[PDB]
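The residues making up each chain are set out below.
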Amino acid sequence: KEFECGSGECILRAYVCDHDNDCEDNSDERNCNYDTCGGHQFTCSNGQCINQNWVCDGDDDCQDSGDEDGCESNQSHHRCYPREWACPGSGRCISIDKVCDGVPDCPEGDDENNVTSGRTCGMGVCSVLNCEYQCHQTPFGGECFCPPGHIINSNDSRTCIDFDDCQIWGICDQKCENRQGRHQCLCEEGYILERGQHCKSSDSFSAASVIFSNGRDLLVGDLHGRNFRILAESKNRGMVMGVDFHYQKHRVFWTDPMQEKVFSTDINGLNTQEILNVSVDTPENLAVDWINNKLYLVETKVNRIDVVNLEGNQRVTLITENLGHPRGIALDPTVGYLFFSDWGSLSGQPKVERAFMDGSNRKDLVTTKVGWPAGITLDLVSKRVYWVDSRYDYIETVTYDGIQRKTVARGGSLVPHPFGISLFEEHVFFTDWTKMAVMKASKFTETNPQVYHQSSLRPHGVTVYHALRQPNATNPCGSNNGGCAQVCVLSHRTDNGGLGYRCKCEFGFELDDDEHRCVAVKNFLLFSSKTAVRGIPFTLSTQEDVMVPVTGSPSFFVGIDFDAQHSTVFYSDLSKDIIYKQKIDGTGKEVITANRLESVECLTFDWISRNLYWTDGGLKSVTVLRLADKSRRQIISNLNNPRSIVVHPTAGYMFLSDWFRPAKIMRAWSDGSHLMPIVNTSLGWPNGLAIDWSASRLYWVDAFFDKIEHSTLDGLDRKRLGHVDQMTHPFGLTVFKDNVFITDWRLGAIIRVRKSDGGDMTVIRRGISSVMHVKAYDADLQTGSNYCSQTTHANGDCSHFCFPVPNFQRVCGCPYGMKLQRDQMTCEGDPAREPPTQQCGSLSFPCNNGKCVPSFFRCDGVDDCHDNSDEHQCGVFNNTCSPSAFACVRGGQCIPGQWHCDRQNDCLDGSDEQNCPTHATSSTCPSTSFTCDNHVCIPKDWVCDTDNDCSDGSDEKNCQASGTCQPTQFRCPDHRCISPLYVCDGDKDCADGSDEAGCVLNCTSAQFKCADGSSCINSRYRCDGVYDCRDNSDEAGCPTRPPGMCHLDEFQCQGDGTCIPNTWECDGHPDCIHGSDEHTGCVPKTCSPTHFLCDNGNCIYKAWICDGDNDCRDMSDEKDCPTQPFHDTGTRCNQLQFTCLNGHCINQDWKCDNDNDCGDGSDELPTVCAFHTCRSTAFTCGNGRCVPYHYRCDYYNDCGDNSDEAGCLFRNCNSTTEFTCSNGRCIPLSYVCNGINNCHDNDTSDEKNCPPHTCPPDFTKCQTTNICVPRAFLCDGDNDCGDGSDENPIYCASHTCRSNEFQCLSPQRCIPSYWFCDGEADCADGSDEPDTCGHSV
Amino acid sequence: XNXXX
Ligand SMILES: *[C@@H]1O[C@H](CO)[C@@H](O[C@@H]2O[C@H](CO)[C@@H](O[C@@H]3O[C@H](CO)[C@@H](O)[C@H](O)[C@@H]3O)[C@H](O)[C@H]2NC(C)=O)[C@H](O)[C@H]1NC(C)=O
Ligand SMILES: *[C@@H]1O[C@H](CO)[C@@H](O[C@@H]2O[C@H](CO)[C@@H](O)[C@H](O)[C@H]2NC(C)=O)[C@H](O)[C@H]1NC(C)=O
Ligand SMILES: *[C@@H]1O[C@H](CO)[C@@H](O[C@@H]2O[C@H](CO)[C@@H](O)[C@H](O)[C@H]2NC(C)=O)[C@H](O)[C@H]1NC(C)=O
Ligand SMILES: *[C@@H]1O[C@H](CO)[C@@H](O)[C@H](O)[C@H]1NC(C)=O
Ligand SMILES: *[C@@H]1O[C@H](CO)[C@@H](O)[C@H](O)[C@H]1NC(C)=O
Ligand SMILES: *[C@@H]1O[C@H](CO)[C@@H](O)[C@H](O)[C@H]1NC(C)=O
Ligand SMILES: *[C@@H]1O[C@H](CO)[C@@H](O)[C@H](O)[C@H]1NC(C)=O
Ligand SMILES: *[C@@H]1O[C@H](CO)[C@@H](O)[C@H](O)[C@H]1NC(C)=O
Ligand SMILES: *[C@H]1O[C@H](CO)[C@H](O)[C@H](O)[C@H]1NC(C)=O
Ligand SMILES: *[C@H]1O[C@H](CO)[C@H](O)[C@H](O)[C@H]1NC(C)=O
Ligand SMILES: *[C@H]1O[C@H](CO)[C@H](O)[C@H](O)[C@H]1NC(C)=O
Ligand SMILES: *[C@H]1O[C@H](CO)[C@H](O)[C@H](O)[C@H]1NC(C)=O
Ligand SMILES: *[C@H]1O[C@H](CO)[C@H](O)[C@H](O)[C@H]1NC(C)=O
Ligand SMILES: *[C@H]1O[C@H](CO)[C@H](O)[C@H](O)[C@H]1NC(C)=O
Ligand SMILES: *[C@H]1O[C@H](CO)[C@H](O)[C@H](O)[C@H]1NC(C)=O
Ligand SMILES: *[C@H]1O[C@H](CO)[C@H](O)[C@H](O)[C@H]1NC(C)=O
Ligand SMILES: [Ca+2]
Ligand SMILES: [Ca+2]
Ligand SMILES: [Ca+2]
Ligand SMILES: [Ca+2]
Ligand SMILES: [Ca+2]
Ligand SMILES: [Ca+2]
Ligand SMILES: [Ca+2]
Ligand SMILES: [Ca+2]
Ligand SMILES: [Ca+2]
Ligand SMILES: [Ca+2]
Ligand SMILES: [Ca+2]
Ligand SMILES: [Ca+2]
Ligand SMILES: [Ca+2]
Ligand SMILES: [Ca+2]
Ligand SMILES: [Ca+2]
Ligand SMILES: [Ca+2]
Ligand SMILES: [Ca+2]
């Protein structure tokens, strides 16, 4: 069973051969598989592999403490070092060459004579010690000191044992071996050893230069700063942000957050081109995979990490989950890791993260005491990462596995505010935002960083341009794109079975089960927010987007919908009042309409008729628009507060929600007619509507009672869903498969519940800012065809738009200023009723885009039309600049006033930076506020906090480590001074948390205490339905509604049992399901004689009736406006039946349709059909008849004039095997003269009965074809033969049938004698079975 | 209030 050792012991198989000795014979440890660990594992000293997350967590998993080595930030030494002395105060180590030399060389200064201790420097008892090497003076007297590779033994100062100098920090810059000379340095290939410690780059490479951003421009210089060259200058107030290069191709890349673009250029400054300009808005940093030809990009408007090729074509998002605030990025393609930094996540934790170069296997590389981590650089030859921190103000380094943390700089006087960093050989160049300069720093330990280039602006990311910075390595994707269909993204060398790459697909595609071939995406969750419009996979197991985010500089997106047949999404932008359309990939952005849009709150798309509906909450109306050609009209106009609208194309219904006090949900035909409420009882704030396509059930969301309901499309069979946890205010709603997706404003999240009950509430997103509608993208849903988009014709034969109508019918419509002609399908101009209108009023400038702007916004220097059309050809005569803008004196250019003398040359001729006042004057800010050299003023409390408040560094100048902060400012022990407003604020602002530890919370009368005291929340959040405190102390103990009854101030519906506010009791509107809240005990409402009592009970001035607006909020005051002046037998048919001259009423749909139904032709008399017009759902022939629409293009001349087969396009039948009849019908050739007619064409050439020349009796012969239709079907109203022999000009017209048959009276049909008077009615009216004929049973 | 901010 198990494994038995050679010593006679049983050991489990899992612990057999796992580096554990087990039995003393070590039988299970003689064999060695113990293969090298993968990318996701850490390798212990003994060869055991453990998962990367186990590293530096507190557990000695490796049994050698190799995974717990130096996780602290080098708090203190370990017995100091050989030939070095330890300062007791802080653990700093200095050598004897500085000890007792006469200078305090460590922070405590204990290495010299002190008057408080009496210690003196000189010889002493060392004569008795007799040390192994030498004696030297210490303040305690003579003490031992030993050469390299000699350290004192265990509590034996006199005895020195050999030491491994290879473990000392900075002994050799690249590599070290201890087998010879007690140690020896060596260098990687390409470097050349100088002296005996330092490795420098060989002169076989062309040159070495450093590239950094000046804060405005892109600079370059040598390693000593003798000469500096501007590489590329920023245009249009640009700002170089993050820089990286590619030595093989001699290209330098840099991002632009102000211009929201990413550029690239040659090292000579030639061929500067834009790499990306779509969906990239704040590219903080950048990185280049130099062997796979990739460009990894950081984004912070929608926090994500992208990868795009060097030219910028193939794009795909890699990391999106919990990514918070990404700032730094670095990578090592040769080994295969991606390192990126994060100064705050969706969880409050900041961290430095490690990942594979395709986003897999994310790990917290450095987590403790990380503050505000910033850009990251790598030591490609020693396998270490370097990151800088702006909060705790240090530069630190850890290995690729996060072990052996060592600090190279620390303090508010050393690195007050680092941003970027880069290594070359032995120096870390780091930008600092406080000293306002790129600084050169040693990469092991520094007493003071040197200034490399002092700037007037905040500098930014730095890089060192050299070949050795990009070591050579093979390309896993080089073997024919790695076999991937679209994109090959490099990964760890041990990933994908050693192939070292993982296949990816560009936006709009997903990987199949082969993980090699891309397929078009079918489903994803589309949602909108204030900042972006995003598309997310439904499966919560993955997190990355499927569609590019949609974003702008001003942004407030609300409504969204999609067009699956074009891979297109629509959206609105309330900051621009425009409706856009954009592909999934991001290309092809176009506007739909930008004219007369006022707070469009929602959108919906009729995917069969290609009509777009949107709801104007400002105009208080809903509009429809045809995408084929811009054609819009208001179909519902007099609403109060309309919200989300949803349309059902196949059923021909649209649904819209209104939440004014008499809240309701309406339904109407897609035409915009037959408006009626379907849910008006027990509603408040019905925000979101959604439709279950698989069941034709309407789902809607309420926000005043915090409920989600559903019902049939008729509003009947209403059901509520169960209680949903932490739902307080839902806005969006979407039903897809078995899940219901909702968005809550109070949560600021997207939650998922089961669509049949309350469900398992699962949070999809969190911290999504202001969140708006959701929508389920699904290409399978957008399938179907009403009569509006049936083949053999187009658009239902209607000009402009045709509207689907329930019961499978269509109604034609035309835009504003158009009227339907007599045929009810084509529309003519109607200027008499709806005159043409201008794009803008007389006080506003119409842009080239359909928008409208104030007339004094023309030529103000700011693009307000979103087309630059208001800032076009400005500065010339008849086109002067606005009084607010500043005009350049030459060339006709107007610029914004705020750009006038702001130290940037904006005007093309520089007129904006010439002869403006230098007089700061004796003007002074108040005595409380410190004054900078820039004359900006800040309080004294802000000075020397390592924050560049003055924007010129004046408040941080001459700051020193003396530890002598102002009385107001608190002092971190060795970090910086700090303001009181940050002491005891819930956040650790000092490095060690000295400003937060030991304090207590304290709260006013408007706040509440969590039970554990962890936080002091606002009293507004007490008893709200949302768990705010971590211990849930807020919602515990809230008032509980008595079982069955309701609260004190809440009416109860007697018929249902639900609760409504007492303000709704006796208000005139029945809110209860049975109208119990408007009982007969309600006091009647009275109105004054000077007012008008509106139908909802309001009192309004009688002057205001027909004044121009529904002041009652009901149509009452505007409905009744005739005020506008100029300035035979007795029986009868039913209401819907036509009356003939001879009676026998016929239904009105039979009127004037080429069928005689009255007998006398009254339903088809030319006088009757002269004025009659077709119903809107019926096709009008050119003759004037009204055939049902389903008769159109059906091979049959049912209209008579062939007007309904005129213009029909018919699919060509395969004449090689089918027969194309004369009427266009497609029938198989095998069915030609098969026995009965199938074509039924005018030709009637289908059924010729080709083989036989005659037919026997009973099945009698027909006239021109030998079909065997019996004579019993003679004169029966249809041509059974199809050749006249049944209608028979010979029989049934000469004399009454054969001797064995009788002719019926209706139809005039000859029937067999054994049918005649047999006891069963064989004629249609029973003329064969009257009482006259007699006969018996 | 249920108003789009
Ligand atoms: C990574 O590998 C590439 C390709 O092997 C290296 O680039 C090439 O390096 C060689 C030297 O080994 C260069 O040859 C030299 O070229 C100059 C200029 O023509 C000439 O004056 C010298 O006499 C010598 O022939 C070669 O130009 C260079 N470029 C290419 C594309 O072949 C690269 O140096 C390697 N980098 C590292 C860090 O290993
Ligand atoms: C609330 O909606 C209901 C429908 O669910 C309305 O009831 C209809 O009222 C009309 C007359 O206005 C009747 O002709 C219908 O037969 C009623 N039911 C149907 C089948 O629609 C009710 O009027 C609405 N109430 C308010 C206050 O608008
Ligand atoms: C306002 O001044 C501008 C600048 O001269 C004029 O712009 C010209 O307009 C005409 C007609 O649209 C165009 O054909 C020209 O190309 C425009 N620019 C040039 C080259 O002159 C504009 O016409 C002026 N408007 C008025 C009313 O004077
Ligand atoms: C001192 O060093 C000796 C070396 O053998 C060791 O045995 C002893 O335990 C040590 N004592 C202390 C207190 O460190
Ligand atoms: C992006 O760049 C391309 C190429 O220069 C250009 O055609 C396109 O108009 C640009 N779009 C924007 C928004 O700048
Ligand atoms: C804060 O602290 C004091 C006690 O130190 C307490 O009396 C006071 O009411 C608290 N006030 C505020 C501002 O919450
Ligand atoms: C028509 O039928 C022939 C013979 O079966 C076949 O080869 C051809 O592909 C068909 N063409 C069309 C358009 O149906
Ligand atoms: C074809 O239609 C015409 C009327 O347009 C009709 O007169 C003629 O009889 C029809 N042809 C046949 C074979 O019946
Ligand atoms: C050890 O195994 C890993 C996978 O766990 C890699 O295959 C690696 O290349 C192996 N190392 C050697 C030297 O073969
Ligand atoms: C003018 O306004 C009407 C509505 O009042 C229509 O929207 C019409 O299309 C407008 N005309 C133009 C040119 O936009
Ligand atoms: C010229 O046009 C601008 C457009 O904003 C202003 O209307 C301005 O008042 C005009 N006149 C002058 C003198 O600038
Ligand atoms: C500077 O300006 C402030 C605000 O007006 C006071 O007037 C102050 O007295 C001034 N300081 C001096 C030295 O004149
Ligand atoms: C340090 O300098 C400040 C400067 O305002 C004060 O002079 C202070 O008295 C000094 N000494 C100490 C110990 O804070
Ligand atoms: C809720 O708690 C209150 C506390 O006063 C009352 O006990 C009330 O009866 C409780 N009701 C329910 C349903 O738990
Ligand atoms: C109606 O009459 C009552 C008295 O019966 C009050 O005067 C009331 O104020 C009247 N209605 C209004 C709107 O004034
Ligand atoms: C025919 O058209 C007229 C207008 O020309 C009316 O709309 C009439 O109602 C229509 N016919 C029917 C049956 O509705
Ligand atoms: Ca073992
Ligand atoms: Ca561990
Ligand atoms: Ca000294
Ligand atoms: Ca609520
Ligand atoms: Ca403007
Ligand atoms: Ca300027
Ligand atoms: Ca700082
Ligand atoms: Ca400051
Ligand atoms: Ca604090
Ligand atoms: Ca709460
Ligand atoms: Ca009521
Ligand atoms: Ca009115
Ligand atoms: Ca008829
Ligand atoms: Ca027809
Ligand atoms: Ca046939
Ligand atoms: Ca017949
Ligand atoms: Ca009969």
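Per the PDB record, the structure was determined using cryo-EM to 3.7 Å resolution.

**So, the overall build of chain A**
Looking only at helices and strands, chain A features three helices and 92 strands. In summary, chain A has a C-alpha radius of gyration of 43 Å against a globular reference of 34 Å for 1337 residues, an excess of more than 25%. Projected onto its principal axes, the C-alpha coordinates of chain A cover approximately 155 × 95 × 75 Å. Across the 1337 residues in chain A, those meeting the buried criterion constitute 48%. Element-wise, carbon and sulfur atoms account for 49% of the exposed surface of chain A, whose accessible area totals about 66000 Å². If you average the places of the 112 positive and of the 190 negative side-chain charges in chain A, the two averages end up 4 Å apart.

**Some words on the site of ligand 9**
Around ligand 9, the surrounding shell consists of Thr-36, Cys-37 and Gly-38 of chain A. The separation between an oxygen atom of ligand 9 and a polar side-chain atom of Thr-36 of chain A is 2.3 Å.

**Notes on the coordination of the calcium ion (ligand 33)**
Taken together, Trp-1315 of chain A (O), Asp-1318 of chain A (N), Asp-1318 of chain A (OD), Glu-1320 of chain A (O), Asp-1322 of chain A (OD), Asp-1328 of chain A (OD) and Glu-1329 of chain A (OE) make up the full set of protein donors to the calcium ion (ligand 33), lying 2.3 to 3.2 Å away. Given the relative accessible area of 55%, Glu-1320 of chain A is considered exposed.

**Looking at the state of the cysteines**
All names here are of chain A. In total, this model carries 55 disulfides over all chains according to the counting rule given. Put simply, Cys-146 and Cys-160 are joined by a disulfide, and their sulfur atoms are 2.0 Å apart. Across the S-S bond of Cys-146 and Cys-160 the torsion is about 110 degrees, and the bridge reads as right-handed. Of this pair, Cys-146 sits in the loop between strand 8 (141–145) and strand 9 (151–153) while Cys-160 sits in strand 10 (residues 156–161), and the two are 14 residues apart along the sequence. For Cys-1010, the disulfide goes to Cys-1029, at an S-S distance of 2.0 Å.

**Comments concerning the packing of aromatic side chains**
All names here are of chain A. Per the stated rule, a full pass over the model turns up 37 aromatic pairs over all chains. Between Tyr-247 and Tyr-465, the ring centres sit 5.1 Å apart and the planes meet at 45 degrees, which makes this aromatic pair tilted. Remark: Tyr-465 occurs in strand 38 (residues 462–465) and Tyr-247 occurs in the loop between strand 18 (243–246) and strand 19 (251–256); sequence separation between them is 218 residues. Taken as a pair, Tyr-247 and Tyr-465 share a single burial class, namely buried. Through a chain of ring-to-ring contacts, three or more aromatic side chains come together here, namely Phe-212, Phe-228, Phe-429 and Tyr-452. The ring of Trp-433 carries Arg-458 above its face, with NZ or CZ at 5.4 Å from the centroid. Its guanidinium or amino end placed over the ring of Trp-1064, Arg-661 lies 3.9 Å from that ring's centre, counting from NZ or CZ.

**Remarks on the coordination of the calcium ion (ligand 24)**
All names here are of chain A. Coordination of the calcium ion (ligand 24) by the protein comes from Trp-942 (O), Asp-945 (OD), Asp-947 (O), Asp-949 (OD), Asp-955 (OD) and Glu-956 (OE), over a distance range of 2.2 to 2.6 Å. Because the angles between the six donor atoms bound to the calcium ion (ligand 24) fall within 73 to 169 degrees, the donor set is best described as irregular. Each donor residue of the calcium ion (ligand 24) lies on one chain, and together they are spaced W-x2-D-x1-D-x1-D-x5-D-E. Pair noted here: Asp-945 is in the loop between strand 76 (937–939) and strand 77 (970–971) and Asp-955 is in the loop between strand 76 and strand 77, with a separation of ten residues, a long-range link. Each member of the pair, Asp-945 as well as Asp-955, is classed as buried.

**Description of the sheet that holds strand 48 (residues 578–583) of chain A**
Residue and element names in this part refer to chain A. Strand order in the open sheet made by the four strands is 46-47-48-49, with antiparallel pairing throughout. Strands at the two margins of the open sheet, each flanked by one partner only, are strand 46 (557–563) and strand 49 (590–593). For this sheet the average axis-to-axis angle between neighbouring strands, irrespective of direction, equals 30 degrees. Here strand 46 pairs with strand 47 (residues 568–573) via five bridges, running antiparallel.

**Describing the pattern of salt bridges**
Residues and elements named next belong to chain A. Using the criterion set out here, one finds 49 salt bridges over all chains in the structure. Salt-bridge contacts for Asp-25 lead to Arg-30; the nearest nitrogen and oxygen are separated by 2.9 Å. According to the relative accessible area criterion, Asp-25 is partly exposed, its value standing at 32%. Given the relative accessible area of 56%, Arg-30 is considered exposed. Each of the salt bridges in this network shares a partner with another, and the network as a whole consists of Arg-304, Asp-306 and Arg-315.

**Points about the sheet that holds strand 43 (residues 523–529) of chain A**
All names here are of chain A. Pairing is antiparallel in the open sheet, where four strands are placed in the order 45-44-43-66. Two strands lie at the open edges of the sheet, namely strand 45 (547–550) and strand 66 (771–778), each paired on one side alone. Strand-to-strand, the axes of this sheet are offset by a mean angle of 25 degrees, without reference to chain direction. Bridging between strand 43 and strand 66 involves six bridges; their strand directions are antiparallel.

**Here we look at the nonpolar core**
When a protein is soluble and globular, its nonpolar side chains tend to lie buried together. All names here are of chain A. By size, the foremost hydrophobic cluster in this structure holds 36 residues, and its most contacted members are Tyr-296, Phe-339, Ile-376, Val-385 and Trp-387. Top contributing element to this core by residue count: strand 27 (residues 337–342), with four residues. Excluding residues within four positions of it along the chain, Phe-339 makes contact with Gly-328, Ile-329, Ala-330, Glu-353, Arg-354, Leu-365, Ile-376, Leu-378, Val-385 and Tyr-400. The next biggest cluster of nonpolar side chains, apart from the first, holds 35 residues, and it includes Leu-526, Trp-607, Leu-612 and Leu-625.

**Focus: the pairing of strand 17 (residues 228–232) of chain A**
All names here are of chain A. The pairing of strand 16 (residues 218–221) with strand 17 spans four bridges and is classified as antiparallel. Its bridge partner being in strand 17, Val-220 is matched across the sheet by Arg-229. Between strand 16 and strand 17, which pair antiparallel and follow one another directly, the connecting turn spans six residues, one of which, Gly-225, has a positive phi of 80 degrees.

**Considerations on the side chain of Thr-568 of chain A**
All names here are of chain A. Secondary-structure assignment places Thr-568 in strand 47. Polar side-chain contacts of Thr-568 include one of 3.1 Å to the backbone oxygen of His-566. Ignoring sequence-local partners within four residues, the contact set of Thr-568 consists of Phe-562, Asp-563, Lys-581, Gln-582 and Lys-583.

**Re the environment of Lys-406 of chain A**
All names here are of chain A. Examined against the element boundaries, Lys-406 turns out to sit in strand 33 (residues 406–410). For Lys-406, a relative accessible area of 15% gives the class buried. Each C-alpha atom, one on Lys-406 and one on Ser-73, is 5.8 Å from the other, the two residues being 333 residues apart in sequence. For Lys-406, the residues in contact, after removing those within four places along its chain, are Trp-169, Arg-384, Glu-396 and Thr-397.

**A few points about the environment of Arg-661 of chain A**
Residue and element names in this part refer to chain A. Within the secondary structure, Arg-661 sits in the loop between strand 55 (653–658) and strand 56 (664–669). We classify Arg-661 as partly exposed; its relative accessible area is 31%. Separated by 155 residues in the primary sequence, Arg-661 and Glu-506 place their C-alpha atoms 48 Å from one another. Setting aside its immediate chain neighbours within four residues, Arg-661 contacts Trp-1064, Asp-1067 and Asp-1071.

**Quick notes on unusual backbone geometry**
Cis rather than trans, the peptide bond between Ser-1306 of chain A and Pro-1307 of chain A has omega equal to 0 degrees. Take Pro-1307 of chain A: it is sitting in the loop between strand 91 (1301–1303) and strand 92 (1310–1312).

**Points about the environment of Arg-534 of chain A**
Residue and element names in this part refer to chain A. In this structure, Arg-534 sits in strand 44 (residues 533–536). Given a relative accessible area of 12%, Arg-534 falls into the buried group. C-alpha separation for the pair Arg-534 and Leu-223, spaced 311 residues apart in sequence, amounts to 45 Å. Among the polar contacts made by the side chain of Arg-534, one reaches the side chain of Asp-545 at a distance of 3.0 Å.

Parameters and conventions
- Residues numbered from 1 in each chain as written, not as in the entry; some residues may be left out.
- Chains lettered and ligands numbered in written order.
- Heavy atoms only, no water.
- Residues with missing side-chain atoms left out of burial classes, pairs and counts.
- Helix = DSSP H or I, 4+ residues; strand = E, 2+ residues; numbered from the N terminus.
- Rg over C-alpha atoms; globule rule 2.2 N^0.38 Å.
- Buried < 20%, exposed > 50% of the residue type's maximum accessible area, 1.4 Å probe, protein only.
- Areas by Shrake-Rupley, 256 points an atom, 1.4 Å probe, with all protein chains shown as cover.
- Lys, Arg positive; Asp, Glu negative; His and termini not counted.
- Charge placed at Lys NZ, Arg CZ, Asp CG, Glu CD.
- Near = heavy atom within 4 Å.
- Polar contact = N/O pair within 3.5 Å; in protein donor to acceptor, adjacent residues only side chain to side chain.
- Donors = N, O, S within 2.8 Å, 3.2 Å for Na, K, Ca; no water.
- Disulfide = S-S within 2.5 Å.
- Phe/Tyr/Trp six-rings, centres within 6.5 Å; stacked < 30°, edge-to-face > 60°.
- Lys NZ or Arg CZ within 6 Å of the ring centre and 35° of its normal.
- Tetrahedral: all angles 85-135°; square planar, octahedral: opposite > 155°, others 65-115°.
- Pairing = 2+ DSSP bridges.
- Axes fitted to C-alpha atoms, helices over the stretch in contact; angles between N-to-C directions.
- Salt bridge = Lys/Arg side-chain N within 4 Å of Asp/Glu carboxyl O.
- Core = buried A, V, L, I, M, F, W, Y, C linked by side-chain atoms within 4.5 Å.
- Contact = heavy atoms within 4.5 Å.

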